[PDB]
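Asker: return a 3D structure for these sequence lines:
(chains A, B and C, ligands or ions: 10)
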Amino acid sequence: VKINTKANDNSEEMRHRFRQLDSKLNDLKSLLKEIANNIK
Amino acid sequence: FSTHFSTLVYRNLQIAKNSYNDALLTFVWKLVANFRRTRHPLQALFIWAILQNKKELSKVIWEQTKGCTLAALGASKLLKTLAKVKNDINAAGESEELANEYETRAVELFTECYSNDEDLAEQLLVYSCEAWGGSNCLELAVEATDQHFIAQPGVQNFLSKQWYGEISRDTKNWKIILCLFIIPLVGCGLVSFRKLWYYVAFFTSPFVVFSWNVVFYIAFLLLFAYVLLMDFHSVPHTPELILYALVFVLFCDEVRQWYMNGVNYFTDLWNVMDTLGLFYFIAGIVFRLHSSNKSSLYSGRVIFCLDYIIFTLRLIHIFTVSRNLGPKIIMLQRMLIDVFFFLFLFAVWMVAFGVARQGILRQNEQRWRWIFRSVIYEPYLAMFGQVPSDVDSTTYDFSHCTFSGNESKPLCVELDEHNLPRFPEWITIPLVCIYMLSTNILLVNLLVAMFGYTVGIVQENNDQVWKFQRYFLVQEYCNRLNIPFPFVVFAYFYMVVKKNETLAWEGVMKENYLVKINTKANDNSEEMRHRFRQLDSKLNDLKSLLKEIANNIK
Amino acid sequence: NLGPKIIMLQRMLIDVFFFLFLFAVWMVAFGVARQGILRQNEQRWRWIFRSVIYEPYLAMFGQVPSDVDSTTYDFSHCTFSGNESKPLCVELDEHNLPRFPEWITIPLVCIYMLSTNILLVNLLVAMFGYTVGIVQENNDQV
Ligand SMILES: CC(C)CCC[C@@H](C)[C@H]1CC[C@H]2[C@@H]3CC=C4C[C@@H](OC(=O)CCC(=O)O)CC[C@]4(C)[C@H]3CC[C@]12C
Ligand SMILES: CC(C)CCC[C@@H](C)[C@H]1CC[C@H]2[C@@H]3CC=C4C[C@@H](OC(=O)CCC(=O)O)CC[C@]4(C)[C@H]3CC[C@]12C
Ligand SMILES: CC(C)CCC[C@@H](C)[C@H]1CC[C@H]2[C@@H]3CC=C4C[C@@H](OC(=O)CCC(=O)O)CC[C@]4(C)[C@H]3CC[C@]12C
Ligand SMILES: CC(C)CCC[C@@H](C)[C@H]1CC[C@H]2[C@@H]3CC=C4C[C@@H](OC(=O)CCC(=O)O)CC[C@]4(C)[C@H]3CC[C@]12C
Ligand SMILES: CC(C)CCC[C@@H](C)[C@H]1CC[C@H]2[C@@H]3CC=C4C[C@@H](OC(=O)CCC(=O)O)CC[C@]4(C)[C@H]3CC[C@]12C
Ligand SMILES: CC(C)CCC[C@@H](C)[C@H]1CC[C@H]2[C@@H]3CC=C4C[C@@H](OC(=O)CCC(=O)O)CC[C@]4(C)[C@H]3CC[C@]12C
Ligand SMILES: CC(C)CCC[C@@H](C)[C@H]1CC[C@H]2[C@@H]3CC=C4C[C@@H](OC(=O)CCC(=O)O)CC[C@]4(C)[C@H]3CC[C@]12C
Ligand SMILES: CC(C)CCC[C@@H](C)[C@H]1CC[C@H]2[C@@H]3CC=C4C[C@@H](OC(=O)CCC(=O)O)CC[C@]4(C)[C@H]3CC[C@]12C
Ligand SMILES: CC(C)CCC[C@@H](C)[C@H]1CC[C@H]2[C@@H]3CC=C4C[C@@H](OC(=O)CCC(=O)O)CC[C@]4(C)[C@H]3CC[C@]12C
Ligand SMILES: Cc1cccc(COc2ccccc2C(=O)N(CCCN)Cc2cccs2)c1
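Answerer: Residues are numbered from 1 along each chain as shown, chains lettered A, B, ... in the order given. Ligands and ions are numbered 1, 2, ... in the order given. Below you will find the coordinate block:
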């Protein structure tokens, strides 16, 4: 477990979090587009 | 080649070829002259681009040539020789850097090749050149003193396999050395032949020939010493005739070396030493044959003694391949400057002290031998811990000195009106004390410190130089008849009386090496910014589409 | 306290062997040359080795071989024949004067002393210093 923690201490998860946020934003944009299409 | 070839570069190349010349310079010069006035067009283009200092274009052209290691080695040699003639300071760095870069490229490519298949790598190494420069990779690296390429594990392993010959490289040295003495032990399984026929295989190995030559040289030295010390008479006896016979074959080998090579053969120090030793031996024989006159015999004996010193000092050179003493012997020649500095300081102090003491003790010696004896020899002996003496009146005695120069004794000290010595001790004694302090202690300790620093500094690359010299010696031994020294005269007399899969594999490994370099460069892992920019552009496009949809709705 | 140093002691054989090799080469050369140019046909092995090896060996410790200069040479210690247990007398010429020239013997001994007593010992000191510096890293482990 200590070896695994030392390996994971890279702290590169920021890129993964940013990618997840971008995917969520894309999903929100798609939902907004669908709502706009439904309105018209 | 006719028009786009730079005129300045053309003139410089012409001057270098006409002035220095070399096995490769002549070839490139002739090719350039022919084109201006196997065809190998890629090699010609590579040379044209490299002679004009086009690093990137030269690298691009290099990736297309079939023989890449040989081309890189030739390029490094060409750049080094061109820089050796250049006078501009700025270009001297650029040419050296480019040559080093190409040498590194060749080293890396050969390391990649050897790690895949040793046999094919060795075949490529021995692969003869198709008139690229008239030589293969090893010869070009040697002529370009590319020590890195010769010091890498693959070339050293190849040289070791060639050196041990048929005998397996994984054979204990002591076992083979023991088997050398007792012949019948070779039949037994003590010695391997992994690589009757066994005898020929054992005796054709240059290792065994070298060992036998060492044994015979030691025996020759023993015989020489015995003749000098115990069996020297007016008329030479059988042992001295045997000694002359043994020297004759060495003289014949020296003449053969003079014939194969030329005046360049005398550039090396040890060849000069050998020639001087042989000439001294001949002069000693000439003096000795005058049995009637004893003075000639004594002169011949002295000449033989000096020649014996010369012969004996060569063991240091011959034993520079043992792999334990070799590196230290190689480093030995790296400490001349410290010795010269020490000798300079010591000589200055010696002259000053000797002249002062002789002047303040004795007047008008008029004999040169005693002048130098008192001025140089006695102060020189102080280096080893003995005081010059004669500086204090108490220990001085008049029995050893002579008032006149008729006898072979030092001149007596100047005496005053009362027949007492005239020199004052209160300046002589401090003088000798200061001289001893300066010479015996400070200088020796300073020399020790300088030797320590030099040893520390030069240990980094000593093994590389030793490996280069090992290659030289191994090639020298393999090049000659490869016969034991005492039995080479027969070979001389008889010979006088009577007398591309590899390139494709190299290209594939070159492509693999280029791909590896590209991967190493791309390992930066900076693509995250590009991915983020692409995501931002996609988001902007989605926003524009949403705005268009909203506009369409209203 | 002494253990690590004793352990490191066995790490300096190669330097000693190199020093002994060079010293032996020089010793043999100088001894043979001097014996040949001073005396002829000793015929006794013990004195041969005494003059060729032992006396030059003593030069390692700072004493000059001697017998190279005619001034200090005396005939009392030497014997013309080998009956006695003394070194053989130097070869004499027609006028009963020693025959060897000093202008080659003296430089020979000076060069030998310079090469052996000073250069070799200092080189050994330097090699010992380097070896001590290098091997101190893992001596405690051994
Ligand atoms: C005939 C009598 C008077 C001579 C006896 C003296 C021995 C001490 C000499 C004779 C031959 C010598 C050997 C001749 C050949 C070699 C091989 C040499 O080792 C290598 O060649 C290493 C090569 C490498 O791998 O680089 C070291 C010296 C050695 C053992 C010599 C060591 C000393 C020996 C045994
Ligand atoms: C003016 C008078 C005093 C004449 C003096 C001449 C000597 C100083 C010459 C004669 C023989 C020479 C030597 C022959 C052999 C050697 C060993 C050699 O040692 C090495 O080079 C070690 C490195 C290697 O050879 O691989 C260096 C030159 C030296 C001392 C030579 C240079 C100096 C010597 C003693
Ligand atoms: C006494 C007089 C009348 C004759 C002169 C004798 C010398 C010419 C001989 C006697 C023994 C020989 C030595 C026997 C053993 C060795 C060790 C040898 O060094 C090695 O074995 C290195 C091997 C390695 O490094 O592994 C070099 C030669 C040497 C000094 C030999 C060189 C010449 C010596 C001193
Ligand atoms: C650090 C180094 C360079 C200094 C050397 C220290 C001592 C070895 C020297 C310094 C001054 C010297 C002294 C200078 C003068 C004399 C008088 C001299 O006797 C005389 O006066 C000679 C005339 C006479 O009276 O007969 C005997 C030596 C002595 C004590 C010298 C002996 C050694 C001394 C103490
Ligand atoms: C009455 C007193 C105050 C006079 C000064 C006493 C000391 C300061 C003197 C006496 C002897 C001198 C020394 C005599 C010889 C030398 C070697 C000399 O070395 C060199 O300059 C290069 C040559 C070499 O290294 O041997 C340096 C100074 C030193 C130590 C001298 C420096 C000053 C010393 C110690
Ligand atoms: C005089 C003749 C007739 C008899 C021979 C006497 C020696 C056998 C004895 C006398 C005193 C002894 C020594 C007394 C003290 C010491 C120090 C001792 O070293 C330590 O104490 C190391 C301890 C540490 O490292 O902390 C090793 C033995 C030694 C040299 C002893 C070893 C043997 C010696 C020299
Ligand atoms: C041919 C003639 C001249 C015979 C010469 C034999 C000697 C050279 C032998 C006899 C006793 C030996 C010694 C017995 C004890 C020691 C101490 C020993 O020192 C160490 O190993 C220190 C490291 C440790 O022991 O932990 C090394 C071997 C040595 C010198 C031995 C090797 C050499 C000696 C003096
Ligand atoms: C740096 C080292 C290796 C060089 C040694 C320096 C001096 C110690 C040597 C160099 C040349 C030698 C000289 C060479 C020749 C002679 C003549 C010699 O006297 C003779 O001529 C003997 C015959 C006679 O006249 O009776 C006395 C020694 C001397 C001055 C030698 C004494 C010491 C000298 C100056
Ligand atoms: C008339 C003049 C111009 C002749 C040359 C004078 C000096 C350059 C000679 C005289 C004595 C020579 C020295 C005599 C002995 C040695 C030991 C020798 O050492 C070795 O090669 C290995 C053996 C060892 O280290 O002792 C190196 C050269 C050196 C300093 C010789 C180098 C050249 C020296 C200083
Ligand atoms: C003073 C003097 C003069 C000539 C020869 C020597 C002994 O030199 C060696 C001793 C042992 C092993 C090899 C050598 C050595 O290199 N040659 C080549 C010399 C190149 N000029 C001598 C050899 C003859 C046959 C095989 S080897 C010494």
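
Asker: show me where chain A has strands.
Answerer: Read by DSSP state E, chain A holds no strands at all.

Asker: how near is the residue of chain A found nearest ligand 5 to residue B:211?
Answerer: Closest to ligand 5 within chain A is residue A:6: 57.2 Å, counting by CB to the nearest ligand atom. All C-beta spots, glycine's among them, are computed from the backbone N, C-alpha and C. Noted for residue A:6: a distance of 56 Å to residue B:211, by CB to CB, to the nearest Å.

Asker: for residue A:9, same thing?
Answerer: For residue A:9, the distance to residue B:211 - CB to CB - is 59 Å.

Asker: please apply the same query to residue A:2.
Answerer: 58 Å.

Asker: between the two, who's got more neighbours?
Answerer: Counted by other CB atoms under 10 Å in any protein chain shown, residue A:2 and residue B:211 do not tie: residue B:211 has more neighbours, with 16 against 6.

Asker: and that one, what does it touch?
Answerer: Taking CB atoms under 8 Å, 6 or more residues apart in numbering or on different chains, we find residue B:211 in contact with B:177, B:180.

Asker: what's the longest helix in chain A?
Answerer: In chain A, ranked by residue count with DSSP state H as the criterion, the top helix is helix A:13-39.

Asker: that one vs helix B:527-553, what angle?
Answerer: Relative orientation of helix A:13-39 and helix B:527-553, computed by axes from the mean of the first three to the mean of the last three CA atoms, to 10 degrees: 10 degrees.

Asker: so how far is helix A:13-39 off the chain centroid?
Answerer: 9 Å (CA atoms, centre = their mean, to the nearest Å).

Asker: check stretch A:5-18 too.
Answerer: With CA atoms, centre = their mean, you get 14 Å for stretch A:5-18.

Asker: ok so, going back, could you check how far the residue of chain A closest to ligand 5 is from ligand 1?
Answerer: 45 Å (CB to the nearest ligand atom, to the nearest Å).

Asker: go on, residue A:39?
Answerer: From residue A:39 to ligand 1 the distance is 89 Å (CB to the nearest ligand atom).

Asker: same check, this time on residue A:8
Answerer: Taking CB to the nearest ligand atom, one finds residue A:8 at 50 Å from ligand 1.

Asker: also residue A:2?
Answerer: As judged by CB to the nearest ligand atom, residue A:2 and ligand 1 stand 47 Å apart.

Asker: and what of residue A:20?
Answerer: In terms of CB to the nearest ligand atom, residue A:20 sits 63 Å off from ligand 1.

Asker: what's the answer for residue A:18, then?
Answerer: Counting by CB to the nearest ligand atom, the gap from residue A:18 to ligand 1 is 61 Å.

Asker: again with residue A:9
Answerer: 48 Å.

Asker: what does residue A:31 give?
Answerer: Residue A:31 is 78 Å from ligand 1, by CB to the nearest ligand atom.

Asker: tell me which residue in chain A sits closest to chain C.
Answerer: Nearest residue of chain A to chain C: residue A:3, at 24.8 Å (CB to the nearest CB).

Asker: residue in chain A nearest to ligand 10?
Answerer: For chain A, CB to the nearest ligand atom, closest residue to ligand 10: residue A:3, 58.5 Å.

Asker: distance of that residue relative to ligand 7?
Answerer: On the measure of CB to the nearest ligand atom, residue A:3 and ligand 7 end up 40 Å apart.
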